[PDB]
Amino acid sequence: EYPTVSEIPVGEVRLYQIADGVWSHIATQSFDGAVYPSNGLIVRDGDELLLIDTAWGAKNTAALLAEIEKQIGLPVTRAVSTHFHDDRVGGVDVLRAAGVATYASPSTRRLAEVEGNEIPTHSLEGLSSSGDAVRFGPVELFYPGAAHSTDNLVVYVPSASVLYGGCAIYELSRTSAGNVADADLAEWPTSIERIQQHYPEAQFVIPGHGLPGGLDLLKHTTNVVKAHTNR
């Protein structure tokens, strides 16, 4: 029942309810003639919502806000971008114009600026060293170490045992490495180990792209990364 890349036209956004007060948002983009899906997270924080990542571009992110309004009807007050790539910060300027406070680690904000990408306004403190965790409203933010990017964060929702891995975690149907231009291949399996150690109780694991599953997605990603390393 999870929406698949084939059921979402680019420009549209679907929401998928995972648990009481926890949703993923799913959008699509074209790249080099193919269509890719992308996931983010929505978490209810009292009578407000916390958004995790944009919907990969301004147009998708405006549609995301419209779909949240229609389907949930609570205001998005804060948003966190989990690394500096466009599928995480592309749309930050739309969020800001709507009055959403946008957040990222100082590492992410610096890398976005170097890349010419949109820059979240606020800086998250306490995430500079691998293994660092901080609470942010209804979620925990965790820096596992360098992996898909040097700045990547993961997000845990304790009320629902939901682990959002972002692009540090691959879906099971991905058997070859994706965009690894900014990755630390050497550190990636160790960083995954840190996620496993910190959230062994996670019941629902969401990759940055594609279908959710369980904690098997962590070992799966290590397998893919190590195979790429040996390519």
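All residue numbers refer to positions in the sequence shown, first residue = 1.
Engineer: Determine, for stretches 155-163 and 78-86, which one has the higher mean CA B-factor as deposited.
Structural biologist: Comparing averages over the C-alpha atoms only gives 155-163.
Engineer: So, looking at the entry's B-factor column for Cα atoms, which has the higher mean, 194-202 or 42-50?
Structural biologist: Result: 42-50.
Engineer: Sort 146, 141, 101, 72 by C-alpha B-factor from the entry and give me just the highest.
Structural biologist: Each of 146, 141, 101, 72 was compared by C-alpha B-factor; the highest is 72.
Engineer: From 183, 172, 66, 169, which pick has the Cα B-factor that tops the rest in the entry?
Structural biologist: Highest C-alpha B-factor among the listed residues goes to 66.
Engineer: Considering only modelled residues of the same chain, in which third does the CA B-factor of residue 60 rank: lowest, middle or highest?
Structural biologist: Middle third, going by the recorded CA B-factors of the chain.
Engineer: In terms of the CA temperature factor given in the entry, to which third of its chain does residue 218 belong: lowest, middle or highest?
Structural biologist: For residue 218, the deposited C-alpha B-factor lands in the lowest third.
Engineer: Splitting the chain's C-alpha B-factors into thirds, which one does residue 207 fall into?
Structural biologist: It falls in the bottom third of the chain.
Engineer: Going by the recorded CA B-factors, say which third of the chain residue 97 sits in, lowest, middle or highest.
Structural biologist: Top third by C-alpha B-factor.
Engineer: Where does the C-alpha B-factor of residue 177 rank in its chain, lowest, middle or highest third?
Structural biologist: According to the entry, residue 177 has a C-alpha B-factor in the chain's highest third.
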